[PDB]
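The structure appears below as structure tokens.
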Amino acid sequence: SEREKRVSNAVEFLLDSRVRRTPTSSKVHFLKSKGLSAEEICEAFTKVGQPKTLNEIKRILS
Ligand SMILES: COc1ccc(CN2CCc3c(c(C(=O)NCc4ccc(SC)cc4)nn3CCN)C2)c2ccccc12
Ligand code: NA
């Protein structure tokens, strides 16, 4: 599915060593700009073992 593709692409991005050391805020605003919802961003962070609360993701984006 395209939601699965968005989340899969996000996961691979969040694993990259250069991206791990980039702040959470920057990565959340960036992934929103790539067309992910807050929920999809949240799922990607959890899948890579860097879980965030959905609240944190929505607070960054708002
Ligand atoms: C905020 O910090 C940053 C932003 C952007 C970059 C630049 N990256 C260049 C290489 C690159 C990038 C992506 C990428 O954006 N992947 C996510 C994605 C999500 C959704 C869909 S839509 C299905 C497509 C893709 N995939 N590649 C190449 C191998 N993965 C982004 C940074 C580079 C270093 C450090 C911090 C960064
Ligand atoms: Na941050």
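Chain identifiers are assigned as A, B, and so on, following the order in which chains appear in the structure tokens; residues are numbered from 1 within each chain, and ligands are numbered from 1 in order of appearance.
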What do you get as a ChimeraX atom specification if you pick all residues at most 7 Å from ligand 2, counting only C-alpha atoms and all ligand atoms? /A:23-26
Output of the above residues as a PDB file, in the first residue's frame, restricted to N, CA, C and O atoms:
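Dumped everything to out34.pdb:
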```
ATOM      1  N   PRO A  23      18.095  16.122  15.236  1.00  0.00           N
ATOM      2  CA  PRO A  23      17.041  16.233  16.228  1.00  0.00           C
ATOM      3  C   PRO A  23      15.702  15.673  15.771  1.00  0.00           C
ATOM      4  O   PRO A  23      15.286  15.737  14.610  1.00  0.00           O
ATOM      5  N   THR A  24      14.949  15.162  16.752  1.00  0.00           N
ATOM      6  CA  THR A  24      13.595  14.654  16.559  1.00  0.00           C
ATOM      7  C   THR A  24      12.716  15.691  15.872  1.00  0.00           C
ATOM      8  O   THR A  24      12.043  15.392  14.883  1.00  0.00           O
ATOM      9  N   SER A  25      12.704  16.923  16.355  1.00  0.00           N
ATOM     10  CA  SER A  25      11.836  17.975  15.801  1.00  0.00           C
ATOM     11  C   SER A  25      12.072  18.096  14.312  1.00  0.00           C
ATOM     12  O   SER A  25      11.137  18.149  13.488  1.00  0.00           O
ATOM     13  N   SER A  26      13.343  18.209  13.912  1.00  0.00           N
ATOM     14  CA  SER A  26      13.709  18.393  12.496  1.00  0.00           C
ATOM     15  C   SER A  26      13.180  17.237  11.672  1.00  0.00           C
ATOM     16  O   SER A  26      12.657  17.423  10.567  1.00  0.00           O
TER      17      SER A  26
END
```
Name all residues at most 8 Å from residue A:44 (count only C-alpha atoms; drop same-chain ones fewer than 2 positions away) and give them as a list in words. residues 7, 8, 10, 11, 14, 40, 41, 42, 46, 47 and 48 of chain A
Looking only at alpha helix (DSSP H) from DSSP on the backbone, list the matching residues of chain A as a PyMOL selection string. chain A and resi 2-15+17-20+24-33+38-47+54-61
Long-range neighbours of residue A:55 as number ranges by chain, 10 Å cut-off, only C-alpha atoms, 3 positions minimum in chain: A: 38-39, 42, 52, 58-61
Could you write those residues out with C-alpha atoms, as a PDB file, in the first residue's frame?
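For reference, out-v2.pdb as written:
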```pdb
ATOM      1  CA  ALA A  38       1.460  12.426  12.576  1.00  0.00           C
ATOM      2  CA  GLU A  39       0.225   8.818  13.066  1.00  0.00           C
ATOM      3  CA  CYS A  42       4.708   7.962  15.122  1.00  0.00           C
ATOM      4  CA  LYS A  52       7.835   8.803  20.655  1.00  0.00           C
ATOM      5  CA  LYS A  58       1.619  16.420  17.354  1.00  0.00           C
ATOM      6  CA  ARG A  59       3.191  19.038  19.701  1.00  0.00           C
ATOM      7  CA  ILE A  60       6.207  19.350  17.354  1.00  0.00           C
ATOM      8  CA  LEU A  61       3.948  19.757  14.308  1.00  0.00           C
TER       9      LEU A  61
END
```
Go through chain A and flag each residue having an atom no more than 12 Å from ligand 1; for those, report the closest pair of atoms plus their distance in Å to one decimal, using only C-alpha atoms and all ligand atoms, ordered by chain and rising number, as a tab-separated table.
```
residue	atom	partner	partner_atom_place_in_ligand_line	distance
A:1	CA	ligand 1	23 (C)	9.9
A:2	CA	ligand 1	23 (C)	6.8
A:3	CA	ligand 1	23 (C)	7.7
A:4	CA	ligand 1	23 (C)	8.1
A:5	CA	ligand 1	23 (C)	4.8
A:6	CA	ligand 1	23 (C)	3.7
A:7	CA	ligand 1	20 (C)	6.8
A:8	CA	ligand 1	23 (C)	7.4
A:9	CA	ligand 1	18 (C)	4.5
A:10	CA	ligand 1	19 (C)	4.3
A:11	CA	ligand 1	17 (C)	7.6
A:12	CA	ligand 1	30 (N)	5.7
A:13	CA	ligand 1	16 (N)	4.6
A:14	CA	ligand 1	17 (C)	7.8
A:15	CA	ligand 1	30 (N)	8.9
A:16	CA	ligand 1	34 (C)	7.5
A:17	CA	ligand 1	35 (C)	8.0
A:18	CA	ligand 1	35 (C)	4.6
A:19	CA	ligand 1	35 (C)	4.1
A:20	CA	ligand 1	35 (C)	7.7
A:21	CA	ligand 1	35 (C)	7.7
A:22	CA	ligand 1	36 (C)	5.7
A:23	CA	ligand 1	1 (C)	7.7
A:24	CA	ligand 1	1 (C)	8.2
A:25	CA	ligand 1	1 (C)	8.2
A:26	CA	ligand 1	1 (C)	4.8
A:27	CA	ligand 1	1 (C)	4.0
A:28	CA	ligand 1	1 (C)	7.4
A:29	CA	ligand 1	1 (C)	7.4
A:30	CA	ligand 1	1 (C)	5.0
A:31	CA	ligand 1	19 (C)	6.0
A:32	CA	ligand 1	19 (C)	8.8
A:33	CA	ligand 1	20 (C)	8.8
A:34	CA	ligand 1	20 (C)	5.2
A:35	CA	ligand 1	22 (S)	6.7
A:36	CA	ligand 1	20 (C)	6.8
A:37	CA	ligand 1	20 (C)	10.6
A:40	CA	ligand 1	20 (C)	9.9
A:41	CA	ligand 1	19 (C)	9.3
A:44	CA	ligand 1	19 (C)	9.8
```
